[PDB]
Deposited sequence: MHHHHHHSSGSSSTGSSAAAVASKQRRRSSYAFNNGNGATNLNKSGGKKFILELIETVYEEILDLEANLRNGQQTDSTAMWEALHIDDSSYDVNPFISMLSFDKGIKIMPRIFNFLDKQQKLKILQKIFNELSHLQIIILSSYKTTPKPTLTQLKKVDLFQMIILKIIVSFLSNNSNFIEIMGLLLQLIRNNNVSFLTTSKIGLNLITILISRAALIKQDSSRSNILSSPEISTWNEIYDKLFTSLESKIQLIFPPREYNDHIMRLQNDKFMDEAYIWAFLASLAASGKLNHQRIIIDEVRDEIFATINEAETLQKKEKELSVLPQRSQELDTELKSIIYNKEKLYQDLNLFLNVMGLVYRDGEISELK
């Protein structure tokens, strides 16, 4: 709720103040003059514990708040940027974009709501990725993972496209930093997901609704298989056994969809007369068939397995 942070008029006023401070910093920098980002940092209210939901978290409910984020990052130092990430992960379940992108809390998102999710995805996640890839050590990444696991119902976060992608970013980054603290923290994360891994795949009624609004012929589930690939890659054999078991029916459903597309391809390609529209149809079928093969193999290859020649077999 917006009232749990001071109300709509208060948050909209904070955003206007943030824009004024950025415009001043940008003008000073452009004119080759000295810059002081203290007033801008203070206008963000990150260290403000006065409200049930932090004012910065509520500012992220508005497109204007989201759109100024890369410009904000141009004038902050490492610890300030880390404090923002810590805040986001600590209050991730209170983030409106998580509630909007979860099939559980928002089973029928409107097109306007889907546009907000795509915006947050494009701007916010690109910033998190770039910052962690460049300015983060082992202790700091481990810190963010613990912030996520301790302050949120992790299974709820995985019902959200944003939630799932944020977890994938943290796992993938942790895996690149090379008994370890990471082995211990991965296992704590694994515990919060065990017996609930299948819940990352949204219901069909949800997929239909999104497909209708976005003009998608197939629901893009590449981000789900990317998450499963990163989860499997950082796991021991026993973790992998559980993951495969929990998503086995999803592996078979994907294979069936790929095999239906392969049959359609065969049936249409053998037709003697082929107009430009039939060539467009065939190119569309081949594209979607290869996409399913590639998304599934991203996950399978990580465990030394491969889907090839209509079967799952051992790689190398």
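Enquirer: Could you name the stretches of the deposited sequence that have no C-alpha atoms in this structure?
Expert: No coordinates exist for the deposited residues in 1-40, 219-231, so these stretches are absent from the model.
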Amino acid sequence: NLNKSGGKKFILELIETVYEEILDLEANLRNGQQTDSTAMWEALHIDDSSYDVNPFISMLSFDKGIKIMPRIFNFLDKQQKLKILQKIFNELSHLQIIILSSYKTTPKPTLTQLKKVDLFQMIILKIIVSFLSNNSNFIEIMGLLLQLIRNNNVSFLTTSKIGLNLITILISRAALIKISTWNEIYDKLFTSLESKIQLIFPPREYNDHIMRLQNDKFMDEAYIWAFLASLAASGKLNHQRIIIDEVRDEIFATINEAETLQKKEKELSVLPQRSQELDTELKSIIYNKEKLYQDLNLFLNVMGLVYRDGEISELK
From here on, numbers count along this sequence of modelled residues.
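Enquirer: When the Cα temperature factors in the entry are averaged, is it 1-9 or 307-315 that ends up higher?
Expert: Going by the record's values, the stretch with the higher mean is 1-9.
Enquirer: Of 48-56 and 259-267, which one has the bigger average CA B-factor?
Expert: If you average the C-alpha B-factors of 259-267 and of 48-56, the larger mean comes out for 48-56.
Enquirer: In this PDB entry, which of 130, 158, 240, 101 has the top CA B-factor?
Expert: By C-alpha B-factor in the record, 130 ranks first.
Enquirer: Between 176, 244, 200, 231, which carries the biggest CA temperature factor in the record?
Expert: Going by the entry's C-alpha B-factors, 176 comes out highest.
Enquirer: Against its chain's modelled residues, does residue 196's Cα B factor rank lowest, middle or highest third?
Expert: For residue 196, the deposited C-alpha B-factor lands in the lowest third.
Enquirer: Looking at the C-alpha B-factor of residue 75, is it in the lowest, middle or highest third of its chain?
Expert: Middle third - that is where residue 75 ends up once the chain's C-alpha B-factors are sorted.
Enquirer: When the deposited Cα B-factors of this chain's modelled residues are ordered and cut into thirds, is residue 122 in the lowest, the middle or the highest one?
Expert: Its C-alpha B-factor belongs to the highest third of this chain's values.
Enquirer: Place residue 152 in the lowest, middle or highest third of its chain's C-alpha B-factors, as listed in the PDB entry.
Expert: According to the entry, residue 152 has a C-alpha B-factor in the chain's middle third.
Enquirer: Please place residue 63 in the lowest, middle or highest third of its chain by C-alpha B factor as given in the entry.
Expert: As the PDB entry reports it, the C-alpha B-factor of residue 63 lands in the middle third of its chain.
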